[PDB]
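Asks: Quick one: this structure, given as structure tokens, is what I'll be asking you about.
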Amino acid sequence: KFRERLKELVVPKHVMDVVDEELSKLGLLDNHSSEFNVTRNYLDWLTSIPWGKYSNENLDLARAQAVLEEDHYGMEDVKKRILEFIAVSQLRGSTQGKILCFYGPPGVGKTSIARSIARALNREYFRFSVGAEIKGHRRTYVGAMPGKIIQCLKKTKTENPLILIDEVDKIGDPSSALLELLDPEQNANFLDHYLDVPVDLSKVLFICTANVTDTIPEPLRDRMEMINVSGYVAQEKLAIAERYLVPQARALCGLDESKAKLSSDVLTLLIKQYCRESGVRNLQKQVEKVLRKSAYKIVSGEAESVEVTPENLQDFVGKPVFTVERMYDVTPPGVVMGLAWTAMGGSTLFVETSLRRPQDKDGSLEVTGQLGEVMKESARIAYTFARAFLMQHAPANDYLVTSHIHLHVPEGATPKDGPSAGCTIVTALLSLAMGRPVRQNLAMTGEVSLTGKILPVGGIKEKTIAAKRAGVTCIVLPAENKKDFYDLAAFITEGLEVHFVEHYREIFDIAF
Amino acid sequence: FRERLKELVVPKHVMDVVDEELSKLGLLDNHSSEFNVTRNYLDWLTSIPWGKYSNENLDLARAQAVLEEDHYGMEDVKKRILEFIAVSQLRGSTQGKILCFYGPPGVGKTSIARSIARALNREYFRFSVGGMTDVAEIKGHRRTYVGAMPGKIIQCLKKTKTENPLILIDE
Ligand SMILES: *[B]([O])([O])[C]([C][C]([C])[C])[N]C(=O)[C]([C]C1=[C][C]=[C][C]=[C]1)[N]C(=O)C1=[C]N=[C][C]=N1
Ligand SMILES: Nc1ncnc2c1ncn2[C@@H]1O[C@H](COP(=O)(O)OP(=O)(O)O)[C@@H](O)[C@H]1O
Ligand SMILES: Nc1ncnc2c1ncn2[C@@H]1O[C@H](COP(=O)(O)OP(=O)(O)O)[C@@H](O)[C@H]1O
């Protein structure tokens with residue numbers, strides 16, 4: 001029946017050659033022996049991997065956009081990039097060349113996006129992790145198995161699958177092996193150590209995902225096309241949780257929407273107070289935790305149906321991780337709110353100032369708060385410019401030249417650095433010297449120079465998110481960050497009175 | 001087998017090596033580990049081109065037309081390559097130098113290498129020494145370890161099948 005296992009299948013010549021040769025050599029050897037079964041399994045491997053079997057590619061872009069939009073809420077930029085890639089492939093006739101690569105924070109959708117791409121192109125999906133072995137062993141009874149790519153071919157029974165090289169930056173020589181594999185001039189002749197026969201891999205589609213692009217091979221990055229999968233703001237995370245995460249968790253726990261319900265407000269609370277990373281890896285474990293507690297509560301008999309609510313969520317997940325996010329609600333004359341940029345989101349922080357000695361020989365500035373060198377220098381520059389600005393504005397003030405000030409950025413255990421918060425420190429010093437509080441729900445961020453120019457900053461997205469989350473109504477940015485601010489979703493910047501300044505005098509007019 | 005070496009000009013010491021390894025291969029028996037390690041050793045030794053050079057066109061004007069058409073500017077590199085061609089002409093033999101281009105990112109240091117190898121009609125190999133920390137990625141492992149590969153220059157000589165292939169070492 002071995003001839004029937006490849007009868008209807010189109011076979012090349014030099015493959016049927018080895019097939020008939022092994023059939024004749026198997027008729028030579030004795031059945032049921034330590035020589036027969038080996039060659040039997042080898043001849044099985046020759047007659048198992050397809051040769052002429054394909055999958056009709058999905059060339060249409062509308063159907064591709066539909067199948068990409070069904071799953072994976074959000075991701076509009078990655079979706080646009082995938083659609084453009086399919087367009088270039090359709091227009092080029094083939095799909096070889098560069099090899100796509102998705103990189104970003106963990107648990108962000110880089111494997112499921114490759115699965116959805118495979119479903120888009122009607123290619124058969126297959127993933128093998130590279131976190132030698134991709135070439136198979138030799139038939140000296142040591143390794144009686146082919147490589148994982150040959151097993152991909154056998155499994156998907158299609159000559160043009162979509163193989164996913166997941167976590168390519170966790171690879172151990174496999175580096176040069178992959179470098180040769182992805183090459184389209186060595187692609188047609190991939191000789192594996194198990195099958196002496198070459199196999200054409202010039203129709204398979206390769207995708208690889210990683211988290212950091214600091215892996216060992218640089219000539220990969222010459223052939224790999226990098227695509228960046230960013231994080232998710234809280235709204236997108238809530239939508240993802242309501243549409244994909246909670247259903248799957250219910251399926252895994254055996255519950256259903258009637259028994260245990262997670263409303264929208266409790267999900268927003270869970271995201272806002274427990275899971276602030278760029279992915280959904282933590283929110284997934286949190287909803288699974290809730291559903292396990294609920295399963296126990298319904299099976300044990302404490303309640304025939306459980307309803308989670310923002311006044312008993314801590315009974316399910318424990319204590320909230322984050323907090324009120326506003327140390328001040330009304331700022332005294334000395335303090336001013338600045339914005340910080342972590343790697344796990346934004347943050348709001350205040351800058352406090354006070355007299356250190358009674359009377360309001362020059363003055364001094366003492367600086368605390370675990371500040372880096374760049375931040376201490378920013379404080380020095382802000383001190384100088386604040387003295388100059390007060391001299392030119394109120395030449396009869398005598399403050400800031402005779403007073404001894406202490407400047408503290410609260411949460412003194414946290415090390416903090418950066419050239420931003422220069423305008424914040426200038427505003428704090430000025431508002432203390434004039435005895436006037438700044439506008440109440442006013443945040444600012446910007447690097448000041450010695451003459452007052454406001455220089456651009458980084459992380460405008462995270463800072464603006466953290467400002468909107470803290471009840472900021474007016475935010476002040478450098479004018480060279482107008483682009484960065486306007487490349488934000490309309491719901492992030494919807495209710496903020498924004499001001500773009502180039503010199504500090506405009507900040508002074510806004511804050512006072 | 002021994003037919004992969006009749007086109008090659010094999011030195012004498014490597015001839016003794018391949019002879020003694022053939023003796024070991026013949027005395028050993030199939031389906032055994034030593035059989036396989038000697039088979040790999042002999043395959044690698046018989047895959048190295050032991051006497052062959054690539055036909056290098058030392059024609060000046062054709063190589064200048066090749067260089068001047070696929071890369072703008074970069075007068076120093078092209079002048080050095082032309083002087084290299086002139087010296088190869090005078091010496092009558094195919095020679096080899098060691099060059100290094102340094103400059104800001106993305107000014108043609110990598111593509112000029114490929115166009116140069118096309119001009120001289122040599123082969124072309126590139127591999128980066130950027131993140132490597134162990135020397136076995138160049139000098140190769142030893143034939144005794146459980147997984148043995150001969151490095152990354154023997155691979156050049158084997159795949160290019162030449163002895164003057166213009167290896168480019170990036171970064
Ligand atoms: B700014 O954008 O440079 C800013 C100044 C901040 C003290 C108001 N720096 C930061 O926010 C840093 C990140 C950074 C940016 C640019 C250069 C160097 C560092 N973040 C923090 O200091 C910080 C503070 N608290 C919590 C977490 N991170
Ligand atoms: N935009 C999204 N829409 C729907 N589900 C998502 C989205 N982003 C992430 N997920 C879910 O979160 C999980 C992400 O894990 P995964 O992306 O496989 O990890 P990694 O990014 O390390 O490969 C998946 O189960 C996926 O279903
Ligand atoms: N004169 C030139 N003509 C054509 N392409 C050029 C030229 N100068 C630079 N390039 C481009 O620069 C790129 C190569 O840059 P490279 O030398 O690899 O920089 P690095 O190696 O420092 O990253 C190629 O895409 C090439 O097209």
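We name chains A, B, ... following the order of the structure tokens; residues begin at 1 in each chain, and ligands are numbered from 1 as shown.
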Taking only C-alpha atoms and all ligand atoms into account, which residues have an atom no farther than 8 Å from ligand 1? I'd like them as a count of residues only.

Replies: 25

Asks: Give me, as a list in words, the residues of chain B touching chain A, with the criterion being at most 8 Å (counting only C-alpha atoms).

Replies: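 Per the criterion, chain B yields residues 31, 32, 127, 128, 130, 131, 132 and 149 of chain B.
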
Asks: By how many Å are CA of residue 267 in chain A and CA of residue 111 in chain A apart?

Replies: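 For CA of residue 267 in chain A relative to CA of residue 111 in chain A, the distance reads 24.5 Å.
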
Asks: Do you know which residues are at most 6 Å from residue 63 in chain B counting only C-alpha atoms, after dropping those on the same chain fewer than 3 positions away, and could you put them as a PyMOL selection string?

Replies: chain B and resi 60+66+119

Asks: Deliver the residues from the most recent selection as a file, using N, CA, C and O atoms, as a compact mmCIF listing (two decimals), in the first residue's frame.

Replies:
# COMPACT_ATOMS: atom_id res chain seq x y z
N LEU B 60 41.88 46.28 -15.36
CA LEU B 60 41.69 47.51 -14.59
C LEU B 60 40.40 48.22 -14.99
O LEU B 60 39.57 48.52 -14.13
N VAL B 66 32.97 48.42 -13.07
CA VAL B 66 32.12 47.68 -12.14
C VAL B 66 31.93 48.46 -10.85
O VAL B 66 30.82 48.58 -10.33
N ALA B 119 33.74 42.81 -8.60
CA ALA B 119 34.73 43.40 -9.49
C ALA B 119 35.91 42.47 -9.70
O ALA B 119 36.31 42.20 -10.83

Asks: If we count only C-alpha atoms and set the cut-off at 6 Å, which residues sit around residue 160 in chain A, ignoring sequence neighbours fewer than 2 positions away in its own chain? Please answer as number ranges by chain.

Replies: A: 158, 203-204

Asks: Quick one, how far is CA of residue 19 in chain A from CA of residue 5 in chain A?

Replies: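 Computed distance, CA of residue 19 in chain A to CA of residue 5 in chain A, equals 11.7 Å.
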
Asks: So which residues are near ligand 2, meaning at most 10 Å away with only C-alpha atoms and all ligand atoms counted, given back as an mmCIF file with N, CA and C atoms, in the first residue's frame?

Replies:
data_model
loop_
_atom_site.group_PDB
_atom_site.id
_atom_site.type_symbol
_atom_site.label_atom_id
_atom_site.label_comp_id
_atom_site.auth_asym_id
_atom_site.auth_seq_id
_atom_site.Cartn_x
_atom_site.Cartn_y
_atom_site.Cartn_z
ATOM 1 N N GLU A 69 -8.931 40.981 11.546
ATOM 2 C CA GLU A 69 -9.675 41.847 12.444
ATOM 3 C C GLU A 69 -10.578 41.061 13.380
ATOM 4 N N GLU A 70 -10.955 39.840 13.001
ATOM 5 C CA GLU A 70 -11.820 39.035 13.857
ATOM 6 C C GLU A 70 -11.188 38.817 15.224
ATOM 7 N N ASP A 71 -10.061 38.126 15.265
ATOM 8 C CA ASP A 71 -9.292 38.045 16.493
ATOM 9 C C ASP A 71 -8.339 39.234 16.585
ATOM 10 N N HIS A 72 -7.677 39.356 17.733
ATOM 11 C CA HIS A 72 -6.695 40.409 17.976
ATOM 12 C C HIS A 72 -7.319 41.804 17.865
ATOM 13 N N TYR A 73 -8.132 42.124 18.866
ATOM 14 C CA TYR A 73 -8.544 43.505 19.075
ATOM 15 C C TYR A 73 -7.327 44.419 19.083
ATOM 16 N N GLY A 74 -7.497 45.622 18.540
ATOM 17 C CA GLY A 74 -6.399 46.576 18.525
ATOM 18 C C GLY A 74 -5.370 46.209 17.477
ATOM 19 N N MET A 75 -4.103 46.495 17.781
ATOM 20 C CA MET A 75 -2.970 46.115 16.933
ATOM 21 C C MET A 75 -3.042 46.740 15.543
ATOM 22 N N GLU A 76 -3.695 47.899 15.411
ATOM 23 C CA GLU A 76 -3.967 48.440 14.080
ATOM 24 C C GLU A 76 -2.693 48.661 13.278
ATOM 25 N N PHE A 102 8.463 40.022 14.967
ATOM 26 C CA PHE A 102 7.705 40.847 15.896
ATOM 27 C C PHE A 102 8.424 40.885 17.234
ATOM 28 N N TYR A 103 8.650 42.087 17.752
ATOM 29 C CA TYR A 103 9.320 42.241 19.033
ATOM 30 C C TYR A 103 8.593 43.273 19.874
ATOM 31 N N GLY A 104 8.528 43.012 21.174
ATOM 32 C CA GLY A 104 7.869 43.889 22.109
ATOM 33 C C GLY A 104 7.849 43.277 23.491
ATOM 34 N N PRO A 105 7.169 43.928 24.429
ATOM 35 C CA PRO A 105 7.072 43.393 25.787
ATOM 36 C C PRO A 105 6.396 42.036 25.787
ATOM 37 N N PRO A 106 6.624 41.220 26.813
ATOM 38 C CA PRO A 106 6.082 39.859 26.804
ATOM 39 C C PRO A 106 4.581 39.833 27.039
ATOM 40 N N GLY A 107 3.948 38.790 26.507
ATOM 41 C CA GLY A 107 2.516 38.616 26.643
ATOM 42 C C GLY A 107 1.734 39.699 25.938
ATOM 43 N N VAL A 108 2.110 39.989 24.697
ATOM 44 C CA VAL A 108 1.526 41.100 23.956
ATOM 45 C C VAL A 108 0.829 40.656 22.678
ATOM 46 N N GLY A 109 0.964 39.398 22.275
ATOM 47 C CA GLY A 109 0.241 38.897 21.123
ATOM 48 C C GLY A 109 1.110 38.595 19.922
ATOM 49 N N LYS A 110 2.340 38.142 20.147
ATOM 50 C CA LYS A 110 3.271 37.921 19.051
ATOM 51 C C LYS A 110 3.222 36.507 18.489
ATOM 52 N N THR A 111 2.763 35.528 19.267
ATOM 53 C CA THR A 111 2.540 34.176 18.766
ATOM 54 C C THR A 111 1.147 34.013 18.170
ATOM 55 N N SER A 112 0.139 34.535 18.861
ATOM 56 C CA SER A 112 -1.215 34.463 18.340
ATOM 57 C C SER A 112 -1.359 35.267 17.056
ATOM 58 N N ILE A 113 -0.560 36.324 16.886
ATOM 59 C CA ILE A 113 -0.625 37.063 15.631
ATOM 60 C C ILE A 113 -0.089 36.217 14.487
ATOM 61 N N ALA A 114 0.924 35.390 14.739
ATOM 62 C CA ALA A 114 1.434 34.525 13.683
ATOM 63 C C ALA A 114 0.439 33.423 13.361
ATOM 64 N N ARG A 115 -0.246 32.911 14.383
ATOM 65 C CA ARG A 115 -1.322 31.957 14.126
ATOM 66 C C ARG A 115 -2.426 32.583 13.279
ATOM 67 N N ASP A 166 9.496 30.631 17.097
ATOM 68 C CA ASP A 166 9.122 31.435 18.250
ATOM 69 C C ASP A 166 10.303 31.644 19.185
ATOM 70 N N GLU A 167 10.412 32.864 19.710
ATOM 71 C CA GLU A 167 11.469 33.256 20.642
ATOM 72 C C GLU A 167 12.851 32.980 20.052
ATOM 73 N N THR A 209 9.450 35.487 16.308
ATOM 74 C CA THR A 209 9.134 36.480 17.320
ATOM 75 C C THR A 209 10.250 36.533 18.350
ATOM 76 N N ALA A 210 10.406 37.698 18.965
ATOM 77 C CA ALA A 210 11.395 37.901 20.011
ATOM 78 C C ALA A 210 10.923 39.050 20.887
ATOM 79 N N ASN A 211 11.673 39.314 21.951
ATOM 80 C CA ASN A 211 11.357 40.402 22.867
ATOM 81 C C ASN A 211 12.370 41.530 22.819
ATOM 82 N N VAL A 229 5.565 45.437 18.165
ATOM 83 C CA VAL A 229 4.247 45.284 18.768
ATOM 84 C C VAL A 229 4.254 46.036 20.091
ATOM 85 N N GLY A 231 2.527 48.190 23.479
ATOM 86 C CA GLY A 231 1.680 47.776 24.578
ATOM 87 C C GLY A 231 0.230 48.145 24.350
ATOM 88 N N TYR A 232 -0.544 48.098 25.433
ATOM 89 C CA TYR A 232 -1.964 48.421 25.398
ATOM 90 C C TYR A 232 -2.302 49.357 26.544
ATOM 91 N N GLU A 236 -7.867 49.455 25.814
ATOM 92 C CA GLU A 236 -7.647 48.303 24.951
ATOM 93 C C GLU A 236 -7.504 47.031 25.768
ATOM 94 N N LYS A 237 -6.875 47.124 26.936
ATOM 95 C CA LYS A 237 -6.741 45.948 27.784
ATOM 96 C C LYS A 237 -8.100 45.484 28.290
ATOM 97 N N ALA A 239 -11.011 45.955 26.732
ATOM 98 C CA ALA A 239 -11.711 45.360 25.598
ATOM 99 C C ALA A 239 -11.206 43.953 25.321
ATOM 100 N N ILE A 240 -9.886 43.770 25.350
ATOM 101 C CA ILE A 240 -9.303 42.447 25.179
ATOM 102 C C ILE A 240 -9.806 41.497 26.255
ATOM 103 N N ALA A 241 -9.868 41.965 27.502
ATOM 104 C CA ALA A 241 -10.295 41.098 28.592
ATOM 105 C C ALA A 241 -11.750 40.687 28.438
ATOM 106 N N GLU A 242 -12.610 41.606 28.003
ATOM 107 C CA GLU A 242 -14.017 41.254 27.858
ATOM 108 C C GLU A 242 -14.266 40.367 26.652
ATOM 109 N N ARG A 243 -13.458 40.484 25.602
ATOM 110 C CA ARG A 243 -13.754 39.739 24.386
ATOM 111 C C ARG A 243 -13.031 38.407 24.281
ATOM 112 N N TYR A 244 -11.794 38.298 24.751
ATOM 113 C CA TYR A 244 -11.012 37.092 24.526
ATOM 114 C C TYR A 244 -10.578 36.397 25.802
ATOM 115 N N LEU A 245 -10.137 37.145 26.810
ATOM 116 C CA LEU A 245 -9.511 36.526 27.974
ATOM 117 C C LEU A 245 -10.533 35.847 28.876
ATOM 118 N N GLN A 248 -12.067 32.545 27.496
ATOM 119 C CA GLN A 248 -11.145 31.416 27.530
ATOM 120 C C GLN A 248 -10.925 30.921 28.951
ATOM 121 N N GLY A 279 1.490 44.141 28.615
ATOM 122 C CA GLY A 279 0.812 42.985 28.083
ATOM 123 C C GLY A 279 -0.400 42.580 28.900
ATOM 124 N N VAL A 280 -0.901 41.387 28.594
ATOM 125 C CA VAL A 280 -2.034 40.814 29.305
ATOM 126 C C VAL A 280 -1.645 39.523 30.020
ATOM 127 N N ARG A 281 -0.350 39.329 30.269
ATOM 128 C CA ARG A 281 0.109 38.124 30.949
ATOM 129 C C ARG A 281 -0.329 38.086 32.405
ATOM 130 N N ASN A 282 -0.421 39.241 33.055
ATOM 131 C CA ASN A 282 -0.819 39.292 34.454
ATOM 132 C C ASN A 282 -2.331 39.291 34.617
ATOM 133 N N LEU A 283 -3.039 40.038 33.769
ATOM 134 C CA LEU A 283 -4.495 40.061 33.828
ATOM 135 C C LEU A 283 -5.081 38.681 33.580
ATOM 136 N N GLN A 284 -4.409 37.876 32.763
ATOM 137 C CA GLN A 284 -4.864 36.518 32.501
ATOM 138 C C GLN A 284 -4.830 35.676 33.770
#

Asks: So which residues are near ligand 3, meaning at most 7 Å away with only C-alpha atoms and all ligand atoms counted, given back as a ChimeraX atom specification?

Replies: /B:70-74,103-111

Asks: With a distance cut-off of 9 Å and only C-alpha atoms, select the neighbouring residues of residue 167 in chain B, excluding the residue or stretch itself and same-chain residues fewer than 5 positions from it, and output the selection as a ChimeraX atom specification.

Replies: /B:123-127,153,156

Asks: Could you write those residues out with N, CA, C and O atoms, as a short mmCIF file (atom, residue, chain, number, x, y, z; two decimals), in the first residue's frame?

Replies:
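File result.cif, as written:
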data_model
loop_
_atom_site.label_atom_id
_atom_site.label_comp_id
_atom_site.auth_asym_id
_atom_site.auth_seq_id
_atom_site.Cartn_x
_atom_site.Cartn_y
_atom_site.Cartn_z
N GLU B 123 34.98 34.99 -4.85
CA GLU B 123 33.76 34.57 -4.16
C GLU B 123 33.46 35.60 -3.07
O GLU B 123 34.10 36.64 -2.97
N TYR B 124 32.47 35.31 -2.23
CA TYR B 124 32.11 36.26 -1.20
C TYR B 124 31.52 35.53 -0.01
O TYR B 124 30.61 34.71 -0.16
N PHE B 125 32.04 35.85 1.17
CA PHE B 125 31.54 35.32 2.43
C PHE B 125 31.52 36.45 3.44
O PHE B 125 32.43 37.28 3.45
N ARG B 126 30.49 36.49 4.27
CA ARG B 126 30.44 37.46 5.35
C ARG B 126 29.98 36.78 6.62
O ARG B 126 29.09 35.93 6.61
N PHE B 127 30.61 37.17 7.73
CA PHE B 127 30.21 36.69 9.04
C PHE B 127 30.70 37.69 10.08
O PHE B 127 31.80 38.23 9.95
N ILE B 153 35.48 29.20 9.22
CA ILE B 153 36.34 29.51 8.09
C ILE B 153 36.51 28.30 7.18
O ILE B 153 36.56 28.44 5.95
N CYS B 156 33.68 28.43 5.08
CA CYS B 156 33.91 29.31 3.94
C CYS B 156 34.62 28.57 2.83
O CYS B 156 34.16 28.55 1.68
#

Asks: Separation of CA of residue 365 in chain A and CA of residue 500 in chain A, in Å?

Replies: 29.0 Å

Asks: In terms of the shortest atom-to-atom distance over only C-alpha atoms, which of A:327, A:430, A:475, A:26 is closest to residue 387 in chain A?

Replies: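 Ranked by minimum distance to residue 387 in chain A, first place goes to A:430.
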
Asks: Among range 168-276 of chain A, which ones does DSSP place in helix (DSSP H, G or I), written as an MDAnalysis selection string?

Replies: chainID A and resid 168:170 174:181 218:223 234:253 264:273
